[PDB]
file start_8.txt (compact mmCIF, C-alpha atoms and all ligand atoms)
# COMPACT_ATOMS: atom_id res chain seq x y z
CA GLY A 17 1.88 4.96 -17.51
CA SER A 18 0.80 8.05 -15.56
CA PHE A 19 0.65 8.59 -11.79
CA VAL A 20 -0.69 12.14 -11.37
CA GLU A 21 -1.44 11.65 -7.64
CA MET A 22 2.23 10.85 -6.91
CA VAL A 23 3.84 13.60 -9.03
CA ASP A 24 5.46 16.34 -6.90
CA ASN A 25 5.02 14.34 -3.66
CA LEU A 26 8.58 15.06 -2.45
CA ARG A 27 10.02 18.12 -0.72
CA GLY A 28 13.27 19.02 1.03
CA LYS A 29 16.10 21.46 1.62
CA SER A 30 19.26 21.52 -0.49
CA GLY A 31 21.79 19.17 1.14
CA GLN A 32 19.24 17.60 3.51
CA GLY A 33 17.64 14.95 1.27
CA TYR A 34 14.06 14.53 0.08
CA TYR A 35 11.03 13.70 2.22
CA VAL A 36 7.59 12.26 1.57
CA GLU A 37 4.40 12.56 3.63
CA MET A 38 3.41 9.33 5.37
CA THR A 39 0.88 8.31 8.02
CA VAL A 40 1.39 5.86 10.89
CA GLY A 41 -1.09 4.26 13.32
CA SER A 42 -4.88 4.33 13.71
CA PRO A 43 -6.19 7.02 13.54
CA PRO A 44 -3.47 8.11 11.03
CA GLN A 45 -0.63 10.27 12.37
CA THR A 46 0.93 12.39 9.62
CA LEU A 47 4.75 12.67 9.50
CA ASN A 48 7.33 13.88 6.95
CA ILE A 49 9.74 11.07 6.14
CA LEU A 50 13.16 11.11 4.44
CA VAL A 51 13.40 8.94 1.30
CA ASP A 52 16.67 6.99 1.53
CA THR A 53 17.78 4.32 -0.96
CA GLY A 54 21.03 3.91 1.03
CA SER A 55 19.44 2.41 4.16
CA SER A 56 16.70 -0.10 5.01
CA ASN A 57 15.02 0.94 8.29
CA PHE A 58 11.70 2.70 8.73
CA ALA A 59 12.26 4.90 11.79
CA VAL A 60 10.35 7.87 13.22
CA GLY A 61 10.71 10.36 16.10
CA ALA A 62 8.62 8.99 18.98
CA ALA A 63 9.54 11.45 21.75
CA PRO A 64 9.32 15.29 22.00
CA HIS A 65 12.81 16.14 20.73
CA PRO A 66 13.11 19.99 20.65
CA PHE A 67 13.91 20.07 16.89
CA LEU A 68 10.79 18.09 15.92
CA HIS A 69 7.54 19.56 14.55
CA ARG A 70 5.71 16.36 15.47
CA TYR A 71 6.30 12.75 16.51
CA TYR A 72 4.80 9.25 16.60
CA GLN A 73 2.53 8.86 19.62
CA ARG A 74 2.13 5.10 20.04
CA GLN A 75 -0.36 5.51 22.90
CA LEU A 76 -2.82 7.11 20.45
CA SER A 77 -2.67 4.19 18.01
CA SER A 78 -5.07 1.24 18.43
CA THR A 79 -3.21 -0.84 15.81
CA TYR A 80 0.28 -0.50 17.35
CA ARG A 81 2.03 -3.73 18.39
CA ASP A 82 5.22 -3.95 20.46
CA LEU A 83 8.04 -6.25 19.31
CA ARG A 84 9.74 -5.80 22.71
CA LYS A 85 13.16 -5.21 21.14
CA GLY A 86 15.64 -2.34 20.78
CA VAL A 87 17.72 -1.08 17.86
CA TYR A 88 20.89 1.04 17.85
CA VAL A 89 21.77 2.65 14.51
CA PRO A 90 25.06 4.59 14.11
CA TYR A 91 26.07 6.54 10.99
CA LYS A 95 23.31 7.96 15.74
CA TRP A 96 19.77 7.08 16.74
CA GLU A 97 18.30 4.45 19.05
CA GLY A 98 14.77 3.08 19.01
CA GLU A 99 12.09 0.70 20.22
CA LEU A 100 10.80 -1.70 17.55
CA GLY A 101 7.14 -2.35 16.81
CA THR A 102 4.57 -2.67 14.04
CA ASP A 103 1.68 -0.44 12.98
CA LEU A 104 -0.47 0.52 9.96
CA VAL A 105 1.36 2.70 7.43
CA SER A 106 0.08 4.67 4.42
CA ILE A 107 1.47 7.15 1.88
CA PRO A 108 -1.22 9.85 1.27
CA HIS A 109 0.21 10.98 -2.10
CA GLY A 110 1.05 7.41 -3.11
CA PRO A 111 -0.93 4.19 -3.66
CA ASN A 112 -4.33 3.83 -1.94
CA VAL A 113 -3.17 1.01 0.34
CA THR A 114 -2.39 0.44 4.02
CA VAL A 115 0.23 -2.07 5.16
CA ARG A 116 1.47 -3.39 8.50
CA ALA A 117 5.14 -2.45 8.63
CA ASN A 118 7.97 -2.44 11.14
CA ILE A 119 8.58 0.96 12.74
CA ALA A 120 11.54 1.87 14.93
CA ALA A 121 10.25 4.42 17.44
CA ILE A 122 13.22 6.76 17.93
CA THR A 123 13.60 7.55 21.64
CA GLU A 124 17.20 8.79 21.62
CA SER A 125 19.38 10.39 18.93
CA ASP A 126 22.61 12.31 18.37
CA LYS A 127 23.28 14.40 15.23
CA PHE A 128 20.32 12.76 13.43
CA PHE A 129 17.43 15.25 13.50
CA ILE A 130 18.36 18.65 12.04
CA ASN A 131 17.54 21.90 13.85
CA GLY A 132 15.25 23.81 11.48
CA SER A 133 14.22 20.84 9.33
CA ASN A 134 10.66 19.77 8.45
CA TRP A 135 11.10 15.97 8.61
CA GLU A 136 10.54 13.57 11.52
CA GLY A 137 11.76 10.20 10.23
CA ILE A 138 13.53 8.07 7.65
CA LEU A 139 12.28 5.52 5.12
CA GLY A 140 14.95 3.04 4.09
CA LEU A 141 14.19 1.67 0.63
CA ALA A 142 17.27 -0.57 0.35
CA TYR A 143 17.24 -4.32 1.09
CA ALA A 144 17.05 -6.39 4.32
CA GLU A 145 20.77 -7.26 4.19
CA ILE A 146 21.75 -3.83 5.57
CA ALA A 147 18.69 -3.58 7.85
CA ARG A 148 19.24 -3.17 11.61
CA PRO A 149 19.45 -5.00 13.98
CA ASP A 150 19.62 -7.75 11.32
CA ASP A 151 18.03 -9.00 8.07
CA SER A 152 15.01 -10.53 9.86
CA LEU A 153 13.48 -7.06 10.22
CA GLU A 154 11.46 -6.64 7.04
CA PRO A 155 11.98 -3.26 5.29
CA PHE A 156 8.87 -1.23 4.47
CA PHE A 157 8.94 -1.82 0.70
CA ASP A 158 9.33 -5.60 1.13
CA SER A 159 6.25 -5.49 3.39
CA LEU A 160 4.33 -3.29 0.92
CA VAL A 161 4.86 -5.68 -2.02
CA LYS A 162 4.00 -8.82 -0.03
CA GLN A 163 0.78 -7.39 1.47
CA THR A 164 -0.60 -5.57 -1.60
CA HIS A 165 -0.85 -5.74 -5.40
CA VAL A 166 1.67 -2.88 -5.67
CA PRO A 167 4.34 -3.93 -8.23
CA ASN A 168 7.89 -4.47 -6.92
CA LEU A 169 9.18 -1.19 -8.41
CA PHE A 170 9.61 2.46 -7.48
CA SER A 171 11.09 5.43 -9.32
CA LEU A 172 12.54 8.79 -8.28
CA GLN A 173 12.61 12.12 -10.06
CA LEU A 174 14.65 14.36 -7.76
CA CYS A 175 14.71 17.99 -8.90
CA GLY A 176 17.08 20.73 -7.70
CA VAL A 190 13.80 21.56 -3.68
CA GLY A 191 11.15 19.05 -4.78
CA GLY A 192 10.56 15.83 -6.70
CA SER A 193 8.51 12.70 -7.29
CA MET A 194 8.50 9.20 -5.85
CA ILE A 195 6.35 6.98 -8.07
CA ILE A 196 5.51 3.87 -6.06
CA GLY A 197 4.59 0.74 -8.01
CA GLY A 198 5.36 2.07 -11.48
CA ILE A 199 6.83 4.55 -13.93
CA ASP A 200 5.43 7.90 -15.03
CA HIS A 201 6.56 8.48 -18.63
CA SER A 202 5.95 12.24 -18.38
CA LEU A 203 8.92 12.51 -15.99
CA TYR A 204 11.66 11.64 -18.51
CA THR A 205 12.75 12.24 -22.10
CA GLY A 206 14.39 9.75 -24.47
CA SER A 207 14.86 6.11 -23.49
CA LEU A 208 15.45 4.27 -20.22
CA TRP A 209 18.79 2.46 -20.00
CA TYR A 210 19.16 -0.28 -17.39
CA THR A 211 22.13 -1.35 -15.26
CA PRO A 212 22.02 -4.61 -13.23
CA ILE A 213 21.76 -4.53 -9.44
CA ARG A 214 24.90 -6.51 -8.57
CA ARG A 215 23.79 -7.58 -5.09
CA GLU A 216 20.53 -6.90 -3.24
CA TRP A 217 21.81 -5.09 -0.13
CA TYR A 218 22.51 -1.51 -1.12
CA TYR A 219 21.38 -0.58 -4.64
CA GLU A 220 24.75 -1.73 -5.91
CA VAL A 221 25.87 -1.08 -9.49
CA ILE A 222 29.12 -1.29 -11.49
CA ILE A 223 30.83 1.72 -13.09
CA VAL A 224 33.00 0.54 -16.00
CA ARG A 225 34.42 3.84 -17.31
CA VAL A 226 34.65 7.49 -16.23
CA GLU A 227 35.13 10.47 -18.53
CA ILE A 228 35.84 14.08 -17.61
CA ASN A 229 34.53 16.32 -20.43
CA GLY A 230 35.01 13.57 -23.03
CA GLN A 231 38.37 12.29 -21.81
CA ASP A 232 38.84 8.89 -20.16
CA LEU A 233 40.66 8.81 -16.81
CA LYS A 234 42.38 5.63 -18.07
CA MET A 235 42.12 4.25 -14.53
CA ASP A 236 41.50 0.58 -13.76
CA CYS A 237 37.71 0.18 -13.55
CA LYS A 238 38.22 -1.82 -10.34
CA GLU A 239 39.09 1.52 -8.71
CA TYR A 240 35.77 3.14 -9.72
CA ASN A 241 33.97 0.51 -7.64
CA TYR A 242 36.57 0.10 -4.86
CA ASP A 243 34.53 -1.61 -2.14
CA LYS A 244 31.22 -0.73 -3.85
CA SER A 245 29.25 1.57 -6.15
CA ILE A 246 25.73 2.58 -5.13
CA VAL A 247 22.71 4.67 -6.07
CA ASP A 248 21.91 6.63 -2.90
CA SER A 249 19.17 9.23 -2.46
CA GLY A 250 20.33 9.70 1.16
CA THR A 251 23.70 11.08 0.04
CA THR A 252 23.86 14.66 -1.29
CA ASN A 253 27.15 14.48 -3.21
CA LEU A 254 28.76 12.31 -5.85
CA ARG A 255 31.23 10.53 -3.58
CA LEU A 256 34.17 9.00 -5.46
CA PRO A 257 36.83 6.71 -3.91
CA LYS A 258 40.08 8.43 -2.83
CA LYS A 259 42.17 7.29 -5.83
CA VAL A 260 39.39 8.06 -8.35
CA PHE A 261 38.50 11.28 -6.51
CA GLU A 262 42.12 12.47 -6.77
CA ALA A 263 42.32 11.76 -10.52
CA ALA A 264 38.85 13.23 -11.14
CA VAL A 265 39.59 16.56 -9.39
CA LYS A 266 42.96 16.68 -11.20
CA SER A 267 41.07 16.61 -14.53
CA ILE A 268 38.35 18.91 -13.14
CA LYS A 269 40.92 21.51 -12.01
CA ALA A 270 42.78 21.27 -15.35
CA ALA A 271 39.54 21.75 -17.32
CA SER A 272 38.94 25.13 -15.64
CA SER A 273 41.97 27.42 -15.34
CA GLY A 280 40.28 23.47 0.78
CA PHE A 281 37.57 24.07 -1.84
CA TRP A 282 38.23 20.79 -3.69
CA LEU A 283 38.55 19.04 -0.30
CA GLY A 284 35.11 20.15 0.96
CA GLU A 285 36.67 22.42 3.59
CA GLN A 286 35.64 25.79 2.11
CA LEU A 287 32.94 27.44 -0.03
CA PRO A 301 33.06 20.39 -18.06
CA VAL A 302 30.57 17.47 -18.15
CA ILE A 303 31.12 14.24 -16.18
CA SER A 304 30.25 10.87 -17.71
CA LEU A 305 29.87 7.57 -15.88
CA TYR A 306 29.60 4.42 -17.98
CA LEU A 307 27.45 1.76 -16.38
CA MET A 308 27.36 -1.99 -17.01
CA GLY A 309 24.52 -2.75 -19.44
CA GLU A 310 21.93 -5.52 -19.63
CA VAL A 311 23.90 -7.43 -22.28
CA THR A 312 27.39 -8.97 -22.43
CA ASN A 313 30.07 -6.42 -23.42
CA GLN A 314 27.38 -3.68 -23.60
CA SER A 315 27.42 -0.45 -21.58
CA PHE A 316 25.70 2.94 -21.51
CA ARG A 317 26.80 6.34 -20.22
CA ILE A 318 25.09 8.88 -18.01
CA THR A 319 26.37 12.47 -18.26
CA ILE A 320 26.00 15.23 -15.65
CA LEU A 321 26.45 18.97 -16.29
CA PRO A 322 28.07 21.56 -13.98
CA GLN A 323 24.47 22.65 -13.20
CA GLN A 324 24.29 19.32 -11.31
CA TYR A 325 27.57 19.25 -9.35
CA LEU A 326 27.47 22.98 -8.56
CA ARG A 327 24.96 22.99 -5.68
CA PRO A 328 23.35 26.42 -5.04
CA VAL A 329 23.97 27.32 -1.38
CA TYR A 340 27.65 27.58 -4.98
CA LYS A 341 29.47 24.52 -3.64
CA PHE A 342 31.52 21.77 -5.30
CA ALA A 343 29.30 18.72 -4.89
CA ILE A 344 31.95 16.05 -5.52
CA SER A 345 33.77 14.65 -2.49
CA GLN A 346 36.05 11.76 -1.51
CA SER A 347 34.89 8.51 0.11
CA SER A 348 36.30 5.38 1.77
CA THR A 349 33.15 3.24 1.42
CA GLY A 350 33.12 3.45 -2.40
CA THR A 351 31.27 5.37 -5.11
CA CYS A 352 28.03 7.00 -3.97
CA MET A 353 25.81 8.30 -6.73
CA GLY A 354 23.93 10.85 -4.63
CA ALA A 355 21.53 13.69 -5.41
CA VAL A 356 24.18 15.19 -7.72
CA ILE A 357 23.83 12.25 -10.13
CA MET A 358 20.15 11.55 -9.39
CA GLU A 359 19.00 15.16 -10.00
CA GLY A 360 20.05 14.84 -13.64
CA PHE A 361 17.99 11.68 -14.13
CA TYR A 362 14.71 9.86 -13.71
CA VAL A 363 15.80 6.77 -11.79
CA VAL A 364 13.88 3.49 -11.89
CA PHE A 365 14.55 1.03 -9.08
CA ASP A 366 13.26 -2.03 -10.92
CA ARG A 367 13.42 -4.46 -8.00
CA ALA A 368 11.32 -7.02 -9.94
CA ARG A 369 14.09 -7.43 -12.56
CA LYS A 370 17.08 -6.64 -10.30
CA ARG A 371 18.05 -3.57 -12.35
CA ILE A 372 18.13 0.23 -12.20
CA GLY A 373 16.88 2.40 -15.08
CA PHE A 374 18.34 5.78 -16.02
CA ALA A 375 16.72 8.34 -18.31
CA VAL A 376 17.18 12.09 -18.77
CA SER A 377 14.99 13.92 -16.24
CA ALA A 378 12.29 16.27 -17.52
CA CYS A 379 13.01 18.56 -14.54
CA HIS A 380 16.82 18.67 -14.65
CA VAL A 381 18.53 22.08 -14.82
CA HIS A 382 19.77 22.67 -18.37
CA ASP A 383 20.47 25.65 -20.64
CA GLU A 384 20.69 26.15 -24.42
CA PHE A 385 24.36 25.08 -24.42
CA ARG A 386 24.65 21.69 -22.70
CA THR A 387 22.05 19.12 -21.57
CA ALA A 388 22.32 16.03 -19.31
CA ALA A 389 22.39 12.75 -21.22
CA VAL A 390 21.83 9.00 -21.10
CA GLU A 391 23.44 7.40 -24.16
CA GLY A 392 24.15 3.93 -25.55
CA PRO A 393 24.92 1.29 -26.42
CA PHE A 394 28.70 1.23 -25.99
CA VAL A 395 31.07 -1.72 -26.30
CA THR A 396 33.07 -2.36 -23.12
CA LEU A 397 34.94 -5.62 -22.56
CA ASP A 398 35.86 -7.26 -19.23
CA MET A 399 33.10 -5.40 -17.35
CA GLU A 400 32.77 -8.23 -14.79
CA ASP A 401 36.35 -7.53 -13.63
CA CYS A 402 35.34 -4.05 -12.39
CA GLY A 403 33.32 -5.62 -9.54
CA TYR A 404 35.21 -5.64 -6.23
CA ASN A 405 35.37 -8.96 -4.37
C1 LIG B 1 19.66 14.67 6.36
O1 LIG B 1 20.17 13.40 6.75
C2 LIG B 1 19.87 12.24 6.08
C3 LIG B 1 19.00 12.24 4.98
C4 LIG B 1 18.70 11.05 4.32
BR1 LIG B 1 17.52 11.08 2.84
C5 LIG B 1 19.27 9.86 4.75
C6 LIG B 1 20.14 9.85 5.84
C7 LIG B 1 20.77 8.55 6.31
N1 LIG B 1 21.52 7.87 5.26
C8 LIG B 1 21.98 6.60 5.83
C9 LIG B 1 22.61 5.80 4.69
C10 LIG B 1 23.79 6.58 4.10
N2 LIG B 1 24.42 5.83 3.02
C11 LIG B 1 25.37 4.92 3.24
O2 LIG B 1 25.63 4.46 4.35
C12 LIG B 1 26.15 4.46 2.03
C13 LIG B 1 27.41 5.30 1.85
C14 LIG B 1 27.15 6.46 0.90
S1 LIG B 1 28.70 7.27 0.47
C15 LIG B 1 23.27 7.93 3.61
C16 LIG B 1 22.62 8.69 4.77
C17 LIG B 1 20.43 11.04 6.51
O3 LIG B 1 21.29 11.05 7.58
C18 LIG B 1 20.80 11.04 8.92
call {"tool": "encode", "arguments": {"input": "start_8.txt", "output": "structure tokens", "more": "lines below"}}
Ligand SMILES: COc1cc(Br)cc(CN2CCC(NC(=O)CCCS)CC2)c1OC
result
Amino acid sequence: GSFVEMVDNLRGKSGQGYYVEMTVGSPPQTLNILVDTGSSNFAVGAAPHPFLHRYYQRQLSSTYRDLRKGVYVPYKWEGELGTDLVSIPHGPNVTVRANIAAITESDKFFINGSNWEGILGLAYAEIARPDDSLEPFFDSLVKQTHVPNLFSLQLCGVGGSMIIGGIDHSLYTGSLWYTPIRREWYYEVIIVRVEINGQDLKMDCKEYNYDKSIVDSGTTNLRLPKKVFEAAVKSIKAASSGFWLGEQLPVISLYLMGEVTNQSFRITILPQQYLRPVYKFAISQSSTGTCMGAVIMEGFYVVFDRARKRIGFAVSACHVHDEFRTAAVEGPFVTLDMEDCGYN
């Protein structure tokens, strides 16, 4: 119902993702940790990298255990794997034994000037490194505690909330609308229709999910596939008459597969969401598929209902809106052949 302790527990810089305070080891070592639904490793700085405010000092932790194994993660960082006791101060009052990759070497990972020292992957074991046998933090948390298999994110344009183990109904207006998680690797969803200011792109819905479509807190932009990206910008440029290519400095609706056969709902983002104050055009091309980043997520309260293999969307109580236009989650809509849109 209400999780006052966990409200406003996220911070960050625009374009750099959101981080939460966590503790590792015994006695607890406090670190700021990126919240990433697009990856599945819990990894922290473990050596005195010049950019870092602080780092995990294994020698100070009585509860640390070595797994005597190494991990190389390119996007790069490299680490030594182990386990230790982990807590989230402004989260549930629990302590779990989780896997931690102690980052010993990295290139273009840590950001000069940033206030975070690690990454928390909230996605599933499938995309975990080195392989799926390394249990992600959230999978460990659910198994070792009575914390429900669910988390939600209210990312605001920089602070936000990560509600672990439930939903805070103060953080959204209207109703929650759910889309199925297609496969438990990334938080994979299916987009069935795309409108630019009320007009359908008339594109094959297979193109909207070319390779995959994901909800990703680790990505800043709405990243559309090349073919969709091209057609989207074409309608975006026509609606308002280098920059469009992300080389320099009208609402958008995505229809998502519903819970029921032939039933969909739409989520609608304003310019106030895809114009990121630096302004920059926060919609870019991709070759890995559709990535619903902070652009999408900042308009909505997002429920990662892992228990029921679904993701909830509702209008965020903190989203930037004026007296003219407001962000929206609306349904139900009738959409046939939705299963076809999934790439195989
Ligand atoms: C500031 O730097 C980061 C902040 C945060 Br929060 C997370 C990361 C790492 N994260 C790794 C997974 C990526 N997503 C995918 O591979 C799916 C394709 C999406 S189009 C997104 C970036 C970051 O990079 C190091």
call {"tool": "closest_residue", "arguments": {"input": "start_8.txt", "among": "A:96, A:34, A:58, A:316", "to": "residue 159 of chain A", "atoms": "all atoms listed in the file"}}
result
A:58
call {"tool": "residues_near_ligand", "arguments": {"input": "start_8.txt", "ligand": "ligand LIG 1 (chain B)", "cutoff": "8 Å", "atoms": "only C-alpha atoms and all ligand atoms", "output": "number ranges by chain"}}
result
A: 31-35, 50-55, 91, 95, 127-130, 138-139, 218, 246, 248-251, 255, 347-354
call {"tool": "write_last_selection", "arguments": {"input": "start_8.txt", "atoms": "C-alpha atoms", "output": "JSON list (two decimals), in the coordinates of the input"}}
result
[["chain", "number", "residue", "atom", "x", "y", "z"],
["A", 31, "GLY", "CA", 21.79, 19.17, 1.14],
["A", 32, "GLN", "CA", 19.24, 17.60, 3.51],
["A", 33, "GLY", "CA", 17.64, 14.95, 1.27],
["A", 34, "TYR", "CA", 14.06, 14.53, 0.08],
["A", 35, "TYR", "CA", 11.03, 13.70, 2.22],
["A", 50, "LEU", "CA", 13.16, 11.11, 4.44],
["A", 51, "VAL", "CA", 13.40, 8.94, 1.30],
["A", 52, "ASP", "CA", 16.67, 6.99, 1.53],
["A", 53, "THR", "CA", 17.78, 4.32, -0.96],
["A", 54, "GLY", "CA", 21.03, 3.91, 1.03],
["A", 55, "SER", "CA", 19.44, 2.41, 4.16],
["A", 91, "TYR", "CA", 26.07, 6.54, 10.99],
["A", 95, "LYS", "CA", 23.31, 7.96, 15.74],
["A", 127, "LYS", "CA", 23.28, 14.40, 15.23],
["A", 128, "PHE", "CA", 20.32, 12.76, 13.43],
["A", 129, "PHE", "CA", 17.43, 15.25, 13.50],
["A", 130, "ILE", "CA", 18.36, 18.65, 12.04],
["A", 138, "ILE", "CA", 13.53, 8.07, 7.65],
["A", 139, "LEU", "CA", 12.28, 5.52, 5.12],
["A", 218, "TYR", "CA", 22.51, -1.51, -1.12],
["A", 246, "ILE", "CA", 25.73, 2.58, -5.13],
["A", 248, "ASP", "CA", 21.91, 6.63, -2.90],
["A", 249, "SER", "CA", 19.17, 9.23, -2.46],
["A", 250, "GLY", "CA", 20.33, 9.70, 1.16],
["A", 251, "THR", "CA", 23.70, 11.08, 0.04],
["A", 255, "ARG", "CA", 31.23, 10.53, -3.58],
["A", 347, "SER", "CA", 34.89, 8.51, 0.11],
["A", 348, "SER", "CA", 36.30, 5.38, 1.77],
["A", 349, "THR", "CA", 33.15, 3.24, 1.42],
["A", 350, "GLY", "CA", 33.12, 3.45, -2.40],
["A", 351, "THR", "CA", 31.27, 5.37, -5.11],
["A", 352, "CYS", "CA", 28.03, 7.00, -3.97],
["A", 353, "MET", "CA", 25.81, 8.30, -6.73],
["A", 354, "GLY", "CA", 23.93, 10.85, -4.63]]
call {"tool": "atom_distance", "arguments": {"input": "start_8.txt", "atom1": "atom CA of residue 40 of chain A", "atom2": "atom CA of residue 365 of chain A"}}
result
24.4 Å
call {"tool": "closest_residue", "arguments": {"input": "start_8.txt", "among": "A:361, A:88, A:156, A:261", "to": "residue 124 of chain A", "atoms": "all atoms listed in the file"}}
result
A:88
call {"tool": "residues_around", "arguments": {"input": "start_8.txt", "residues": "residue 38 of chain A", "least_positions_apart": "2", "cutoff": "7 Å", "atoms": "all atoms listed in the file", "output": "list in words"}}
result
residues 36, 40, 46, 47, 48, 49, 106, 107 and 108 of chain A
call {"tool": "closest_residue", "arguments": {"input": "start_8.txt", "among": "A:41, A:280, A:28, A:373", "to": "residue 169 of chain A", "atoms": "all atoms listed in the file"}}
result
A:373
call {"tool": "residues_near_point", "arguments": {"input": "start_8.txt", "point": "(8.7, 7.1, 17.1)", "cutoff": "9 Å", "atoms": "only C-alpha atoms", "output": "PyMOL selection string"}}
result
chain A and resi 59-63+71-74+98-99+119-123+136-137
call {"tool": "residues_around", "arguments": {"input": "start_8.txt", "residues": "segment 229-241 of chain A", "least_positions_apart": "4", "cutoff": "9 Å", "atoms": "only C-alpha atoms", "output": "MDAnalysis selection string"}}
result
chainID A and resid 221:225 245:246 256:257 259:260 263:264 267:268 271 301:304 350:351 399 401:404
call {"tool": "write_last_selection", "arguments": {"input": "start_8.txt", "atoms": "C-alpha atoms", "output": "mmCIF file, in the frame of the given file"}}
result
data_model
loop_
_atom_site.group_PDB
_atom_site.id
_atom_site.type_symbol
_atom_site.label_atom_id
_atom_site.label_comp_id
_atom_site.auth_asym_id
_atom_site.auth_seq_id
_atom_site.Cartn_x
_atom_site.Cartn_y
_atom_site.Cartn_z
ATOM 1 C CA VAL A 221 25.870 -1.080 -9.490
ATOM 2 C CA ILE A 222 29.120 -1.290 -11.490
ATOM 3 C CA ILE A 223 30.830 1.720 -13.090
ATOM 4 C CA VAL A 224 33.000 0.540 -16.000
ATOM 5 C CA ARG A 225 34.420 3.840 -17.310
ATOM 6 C CA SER A 245 29.250 1.570 -6.150
ATOM 7 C CA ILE A 246 25.730 2.580 -5.130
ATOM 8 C CA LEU A 256 34.170 9.000 -5.460
ATOM 9 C CA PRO A 257 36.830 6.710 -3.910
ATOM 10 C CA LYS A 259 42.170 7.290 -5.830
ATOM 11 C CA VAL A 260 39.390 8.060 -8.350
ATOM 12 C CA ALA A 263 42.320 11.760 -10.520
ATOM 13 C CA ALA A 264 38.850 13.230 -11.140
ATOM 14 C CA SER A 267 41.070 16.610 -14.530
ATOM 15 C CA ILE A 268 38.350 18.910 -13.140
ATOM 16 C CA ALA A 271 39.540 21.750 -17.320
ATOM 17 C CA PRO A 301 33.060 20.390 -18.060
ATOM 18 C CA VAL A 302 30.570 17.470 -18.150
ATOM 19 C CA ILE A 303 31.120 14.240 -16.180
ATOM 20 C CA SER A 304 30.250 10.870 -17.710
ATOM 21 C CA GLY A 350 33.120 3.450 -2.400
ATOM 22 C CA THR A 351 31.270 5.370 -5.110
ATOM 23 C CA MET A 399 33.100 -5.400 -17.350
ATOM 24 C CA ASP A 401 36.350 -7.530 -13.630
ATOM 25 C CA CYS A 402 35.340 -4.050 -12.390
ATOM 26 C CA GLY A 403 33.320 -5.620 -9.540
ATOM 27 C CA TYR A 404 35.210 -5.640 -6.230
#
call {"tool": "closest_residue", "arguments": {"input": "start_8.txt", "among": "A:22, A:117, A:147, A:83", "to": "residue 56 of chain A", "atoms": "all atoms listed in the file"}}
result
A:147
call {"tool": "atom_distance", "arguments": {"input": "start_8.txt", "atom1": "atom CA of residue 57 of chain A", "atom2": "atom CA of residue 197 of chain A"}}
result
19.4 Å
call {"tool": "residues_around", "arguments": {"input": "start_8.txt", "residues": "segment 321-343 of chain A", "least_positions_apart": "6", "cutoff": "6 Å", "atoms": "all atoms listed in the file", "output": "list in words"}}
result
residues 253, 287, 302, 356 and 388 of chain A
call {"tool": "atom_distance", "arguments": {"input": "start_8.txt", "atom1": "atom CA of residue 369 of chain A", "atom2": "atom CA of residue 306 of chain A"}}
result
20.3 Å
call {"tool": "closest_residue", "arguments": {"input": "start_8.txt", "among": "A:392, A:174, A:168, A:285", "to": "residue 371 of chain A", "atoms": "all atoms listed in the file"}}
result
A:168
call {"tool": "closest_residue", "arguments": {"input": "start_8.txt", "among": "A:162, A:380, A:258, A:214", "to": "residue 307 of chain A", "atoms": "all atoms listed in the file"}}
result
A:214
call {"tool": "residues_around", "arguments": {"input": "start_8.txt", "residues": "residue 200 of chain A", "least_positions_apart": "2", "cutoff": "8 Å", "atoms": "all atoms listed in the file", "output": "VMD selection string"}}
result
chain A and resid 17 to 19 195 198 202 to 203
call {"tool": "write_last_selection", "arguments": {"input": "start_8.txt", "atoms": "C-alpha atoms", "output": "PDB file, keeping the file's coordinate frame"}}
result
ATOM      1  CA  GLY A  17       1.880   4.960 -17.510  1.00  0.00           C
ATOM      2  CA  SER A  18       0.800   8.050 -15.560  1.00  0.00           C
ATOM      3  CA  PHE A  19       0.650   8.590 -11.790  1.00  0.00           C
ATOM      4  CA  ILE A 195       6.350   6.980  -8.070  1.00  0.00           C
ATOM      5  CA  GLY A 198       5.360   2.070 -11.480  1.00  0.00           C
ATOM      6  CA  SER A 202       5.950  12.240 -18.380  1.00  0.00           C
ATOM      7  CA  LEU A 203       8.920  12.510 -15.990  1.00  0.00           C
TER       8      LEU A 203
END
call {"tool": "residues_around", "arguments": {"input": "start_8.txt", "residues": "residue 43 of chain A", "least_positions_apart": "6", "cutoff": "9 Å", "atoms": "all atoms listed in the file", "output": "list in words"}}
result
residues 76, 77, 78 and 79 of chain A
call {"tool": "residues_near_point", "arguments": {"input": "start_8.txt", "point": "(-0.9, -3.8, 3.4)", "cutoff": "7 Å", "atoms": "only C-alpha atoms", "output": "list in words"}}
result
residues 113, 114, 115, 116, 160, 163 and 164 of chain A
call {"tool": "write_last_selection", "arguments": {"input": "start_8.txt", "atoms": "C-alpha atoms", "output": "mmCIF file, in the coordinates of the input"}}
result
data_model
loop_
_atom_site.group_PDB
_atom_site.id
_atom_site.type_symbol
_atom_site.label_atom_id
_atom_site.label_comp_id
_atom_site.auth_asym_id
_atom_site.auth_seq_id
_atom_site.Cartn_x
_atom_site.Cartn_y
_atom_site.Cartn_z
ATOM 1 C CA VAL A 113 -3.170 1.010 0.340
ATOM 2 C CA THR A 114 -2.390 0.440 4.020
ATOM 3 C CA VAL A 115 0.230 -2.070 5.160
ATOM 4 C CA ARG A 116 1.470 -3.390 8.500
ATOM 5 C CA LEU A 160 4.330 -3.290 0.920
ATOM 6 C CA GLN A 163 0.780 -7.390 1.470
ATOM 7 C CA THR A 164 -0.600 -5.570 -1.600
#
